Every structure is written in structure tokens, then in C-alpha cells.
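Read through the structure below, which is laid out as C-alpha cells, and then see the notes.
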Amino acid sequence: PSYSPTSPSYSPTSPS
Amino acid sequence: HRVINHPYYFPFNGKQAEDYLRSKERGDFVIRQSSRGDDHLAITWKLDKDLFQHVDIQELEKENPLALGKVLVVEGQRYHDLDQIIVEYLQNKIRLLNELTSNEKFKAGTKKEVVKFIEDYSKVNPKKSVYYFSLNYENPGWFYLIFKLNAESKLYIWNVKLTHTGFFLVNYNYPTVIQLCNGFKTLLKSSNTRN
Numbered sequence: 001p002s003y004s005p006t007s008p009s010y011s012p013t014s015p016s
Numbered sequence: 017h018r019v020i021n022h023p024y025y026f027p028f029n030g031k032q033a034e035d036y037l038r039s040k041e042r043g044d045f046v047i048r049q050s051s052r053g054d055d056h057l058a059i060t061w062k063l064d065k066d067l068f069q070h071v072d073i074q075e076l077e078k079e080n081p082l083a084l085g086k087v088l089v090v091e092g093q094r095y096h097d098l099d100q101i102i103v104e105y106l107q108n109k110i111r112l113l114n115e116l117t118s119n120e121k122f123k124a125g126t127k128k129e130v131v132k133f134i135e136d137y138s139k140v141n142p143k144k145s146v147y148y149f150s151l152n153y154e155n156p157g158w159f160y161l162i163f164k165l166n167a168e169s170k171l172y173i174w175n176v177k178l179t180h181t182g183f184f185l186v187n188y189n190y191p192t193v194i195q196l197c198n199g200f201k202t203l204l205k206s207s208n209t210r211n
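Just so you know, the protein sequences line up as chains A and B, in that order. All residue numbers for the first sequence refer to our numbering, where the first residue is 1 and numbers rise by one. All residue numbers for the second sequence refer to our numbering, where the first residue is 17 and numbers rise by one.
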């Protein structure tokens, strides 16, 4: 919290 | 350290600077001592009625940390004084907040409202996918990035850090919300070249 980065990718789940 | 004299300065504790801003506006900021050195200070800035983030500063260009640095470093960028880091960091952060909040990708204003808006937008479109940005309440200074394949689907979230330099996600910063959309596209393509 306030000091904890986390973020997976967009996850297009397609040929996008 | 706590030797600041600026009008935005407060000797308040992190909880006290918070509860002070929680009685202020949807955009607030106060300078206060850092929890990691005398050559360090912090700005506690408010995003919503009960939402706030701390941003540490380093008082660079001094032979001793007991002395006030001739410069102030924020997110790795130096400036001449606290009033420069505030006008630069706040005004640039706030304009990036206006372009993100005006973005069609941005959801509602508070947890309940955004969860109601994404679920309502998902259930009224139970065969279309959903992806929006909103404030993160468990991780202030970051915006949440909720995704659903449709009403019948699960829900997945990621985050984007806000900075006066732009929006930061996965590994890079984008100086505007439009470039953040380009960043997301070039990143999902780099992810599709793996999936």
C-alpha cells in the first residue's frame, strides 16, 4: 500500500 | 529535513498530513519530513476525499544531510527548491490527471461507483469485453486497470503509476494518456508475440 508496485500486462487474449 | 519554511510545509505525521488533506479537496498536497533520512523530505498529495499518496524527495547537493540541499530531487529529477518541485510535480501531475479523467478509458470516481460502472457496463454488454482505468485505493499514486472478457467472465486488474513525467506501467513511462494508450498497444503486441 502506497509503496507496492504490481501490474501484469494488458492481456489481449487475441492476435491484437 | 524538517527545516522547510514553505507555506505547503507541515511538521505533521504521515497520518496527520493525511487526515489534514482528508478535510481538504480532491487535489491536495503538503510537504513533510521523510521516513528515510535528513537529506529527505516528502509531499503527501490527495486524489480523493479519503485517498492520498506520499512522494519522497532528496535534498541533493549538500556535504551533510543535516544541511538543506541546494537542490531537491523527485522521482530522479533535480530542482532548485520545494516550490519548484511542487509547481512542477503537482501542475504536471494534475494536468495528466485531467487528461486521464477525461479519457473514455477512465471509469468512475470511487471504488463502489467504478465497480458498479464496470459491472453495469459489463452486464448490459454481456458479450462485449471491458477495460477501464480508475483510482487505486489499496495503492495510491497508481490507477487500477480493470479488464473483463464479458459479463460471464472473471475480472482482472493491473496498475499504472502516475508521475509528473507521465504514466508508468509494466516497465516504461508515457508522457501523456494518449501515449499510455500507445504504450498499452505496443505492450499487448509484445505480449501477443508471446501469447
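Idealized CB from N, CA, C, for every residue including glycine.
Quick check on the burial criterion: 16 or more other C-beta atoms within 10 angstroms. Buried or exposed for residue i?
i      : result
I194/B : exposed
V103/B : exposed
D55/B  : buried
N166/B : exposed
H22/B  : exposed
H96/B  : exposed
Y188/B : exposed
Return the chain-ordered list of same chain residues with a C-beta closer than 7 angstroms to the C-beta of residue i, the five sequence neighbours on each side being excluded.
i      : result
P156/B : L63, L67, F68 and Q69
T126/B : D64
Could you tell me which residues DSSP puts in a beta bridge with residue i?
i      : result
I173/B : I162/B
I73/B  : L57/B
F183/B : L178/B and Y190/B
What number of angstroms, rounded off, separates the C-alpha of residue i from the C-alpha of residue j?
i      : j      : result
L57/B  : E41/B  : 22 angstroms
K144/B : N211/B : 21 angstroms
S7/A   : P81/B  : 35 angstroms
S118/B : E79/B  : 45 angstroms
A33/B  : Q93/B  : 24 angstroms
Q74/B  : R18/B  : 12 angstroms
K31/B  : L84/B  : 25 angstroms
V186/B : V176/B : 8 angstroms
Looking at the unbroken beta strand (DSSP E) that takes in residue i, where does it start and where does it end?
i      : result
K62/B  : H56 to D64
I47/B  : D44 to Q49
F28/B  : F28/B -> no beta strand (DSSP E), and no H or E assigned at all.
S150/B : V146 to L151
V90/B  : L88 to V90
Can we count residue i as close to the ligand SAH, meaning its CB is less than 7 angstroms from some heavy atom?
i     : result
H96/B : Among the components modelled here there is no ligand, and therefore nothing to report on the ligand SAH.
Suppose the cutoff is 6 angstroms on Cβ atoms and the five residues either side in sequence are ignored; what does the same chain contact list for residue i look like?
i      : result
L116/B : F122 and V193
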